[PDB]
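Shown next are two forms of a single protein chain, provided one at a time as C-alpha cells under the names structure 1 and structure 2.
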Structure 1
C-alpha cells in the first residue's frame, strides 16, 4: 500500500502524486515548447516599443478541472453552490485549489483540510475531489492553443500550466484604447471558455508587467480589469495586499510589516514609505523593485523576459528535491537513494543532450528541539538546511563520477541518517552536447 523512501519505486510514486513536482515539470516543458516553436521567429521587444500586457490565468484551476472531470462518485455536487477543494487526504493535507464558494468562507489555497473544515458553518460539508493530473495538462494545452489561434499577440510567454503573459506591440496613444482592449478581453475570455469546454479565465490588462499582474488579481473571478499606468489611483492601490506584489512573499511581508507598521494595503504603504527605508528593510534590489512597482513600473530584471525571452527561458540547472517521506535508518539506504536520484537526473540530462560540470547536495536536518515526528504525516517538520557543492572539472554525464561525488558531499555534511528529513540533488552548471 505504502512505498517507503528506501523502496526503488519511491521517486516514481512520489512524483506521480506531487502537485508541486507536476507544476515544475509542466513549466519546464512549456519553456522547452516555447524555444522549439520560436526557433525561427526572432520576436522580441525593445525599450523603444509601446505595448500592452494581457496576463491571463484560469480561475481556481485544479478545482475547476477536477470538478468538470470528476468521477461518477461525485455526480451530486454543485460547483456554484458547494465548497470544493482538491487534495489527497483528510487532515493535514494541502488544499491545492479551492473554488470561490469555499473562498467565501475564508478557505484559501495551501490551507490544510483540517483548518478548512473548521471555517464552514455547521451543516455545510467540504467536498474533497481527487487530482486529475492528465486532464489538467489537456486543458492547459487547449488554453495555449487558443491563445495562438486567436492570432492577436506578438509574444505568448508561459508562466505556468494555467497562466500566460501575452504581449501586443501597439502604437503610442491609440484613441478609445480602454474600449478596444475591453473588447479583446471579452473575446479572449469567450474563446477560452469555449475552447476548454467550460473553464473560465480572468485577464489583467496594462502597459506594464507589474500592473497587469495586479489587474489580474482585481479581475478574479471570471472577469477582466484594464488599468494602465495613466489610470492609477488611490482606490486601485487600496485593493492590494503587500504580498500581492511580485517578489514579496511571507518573509519579505514580515519585514515590510515591521518597518512600516502593518500597512493594510499598498495604498497605506505608498503613503508611509521612503526608498531609503525600503532598502534598509528588504535590501537594495528588492527595495528598488517595490519602489518602481508602486509607480506601476517594472524593474530591469523583470523586463528581461520581454527583451530576450529565448535567453531567459533557457534551462541553466537541473535538480530534484524530496522533502516529504524522508525517513532513513542508515547510510547504506541514504546512499542507494542518492544513486537512484542521480540516475533520475542523468536520464533527464541525457534526454536534453547536456552535460554538467558542477553539483550540489542540499539536506534538511531535524532541528534539535523539534519533535521526531511532526504534525503532518511524513512532513519534514522544522529543520535546518545545509548544502555543499563540488566542481567536477570537465563536463560529464558519467554516473561513477557524479554519484560518487554526491555521496561524498553527504558524508562531508555529516547528517546522521535518522535526523535526515529532506534531500536535494542539483546539477548547477550545464554544458551543451
Structure 2
C-alpha cells in the first residue's frame, strides 16, 4: 500500500491507472507517427478523393484480459458470461465489459456495485484484472497489421485500440461496395489472426463523421459501409443523440430541452433548425452538428486529414491526480508538487522543449461533502480552482517551475486537509534549437 505522501505514490498510481495508460499510449502513438513521418509528405490534399476506414477493437480490455486470463479463470466463457475488467468489487470503475454484460444494460464506466444489480438472479459477474502489457502488445499487432496490409495511404492513430485509415481512390478507378466489403473482411480477418483472437469492427464511408457512426452501427464484430449517397431514415433512426462526435451528456441535456426530447438522430434531423441549434449548444458546435446531420465533416475535424503533423503535435503537457489525495500539512503538499514537477520535466526534456506558461488546478472538498466519500480514496464532490502564470523566459529549470507551482497553490488558499486533487500543467511549449546564444 502506497500513500500519497510516499515518494513511490506517482509511480504506483500511474502503474495501476488505466486512464493514465490510455493517455500515455495515445501520446506515444502520436510521437511515433511524427517521428516516422519526419521526412514524408504525409497528408491528404484537395486533389484526392478518399475513403475512411474507422477501425476499433470490440470491448478491448475485456477481450484481451479474457484471452490472457490466468488459470483461476480458465472455465470462463467469453460468449456466455458477463465479463468486466476492473480493480475492485464495489465502487470500482468498469473499464471494459463484454457484449454479454452489455446485453443486461452494463456499460463501461459503471461501478461494479451498480453493474451487479442489473444481473438477474443466478447470473454471476466475472471480474478480470487488468493486463496492461498485453493490452499494449495486442495494440502493436493491430498497428503492425494495418501497415503490413499496404492498402492505406494514411493511418492515423486515435488510441491504443482505434485508428482512422485513409484510402485514396484515383478517379480512374471505380470504387464499389463489393471492393470495400472485401477490404473490411480482409482487415478483420488479418487483425483477428495477428492479435490471436481479438475482434475489430469497421465503419467505412466518405466522411469522418459517417465512418464513426458506421462503426458504432457495425459493433460488435462486424463492418458497415454507409457513404453519403447511401444515407436514409433507417440509418439516422439507429443512433442516439450522443452518438454524434462532440455530443456528451451536457450537450445531450441541452438538445433534449431545446428540441422536445428527440430520441434518435432522425428525430433531431427532422426537428432542428441551424439557428435554434447554435442557440442551444453554441455556434461552432451547432454548425458541427448541422453538418454531421448531413453526413459531412466540419473544417476542424478535416484538419487531421490535411495536416496530421500539426494536429498530432503535442502542444501542452500535464499530469492529473484526483485519487488518493489525502495530505495532512502544507509540507507534504509541497513535496508532492515537487515530485510532480520532476516527473513533468522528465517528460518535457524527453521531447527537448521548454515551457513558457504553467497552470496548477486543484479539487477541494465541498463544504458539505463527507471527508471520506463513497468511493475509497475518491475525490468525492469538489469545487475546482485553477490559476496560471507566464514564466517570461521559456525554461526547463526545476527551481523556477517548482517554486512557481508551489506559489500558485498558495494563491488558491486550499487547506491541505481539504485537498482532494491536483493537476500540474505546462501550457505553452517552446522548441529548443541549436542556437542558444542569449
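Residue numbers count along the first chain shown, from 1. Heads up, when I say rigid core I mean the largest set of C-alphas that superpose within 1.5 Å between the two forms.
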| item | value |
| --- | --- |
| Shifted position (C-alpha, 2 Å or more, core held fixed) between the two structures, chosen from 176, 295, 104, 190 | 176 |
| Core-aligned C-alpha movement of residue 47 between the two structures reaching 2 Å | yes |
| Rigid-core-fitted C-alpha displacement of residue 144 between the two structures (angstrom) | 0.3 |
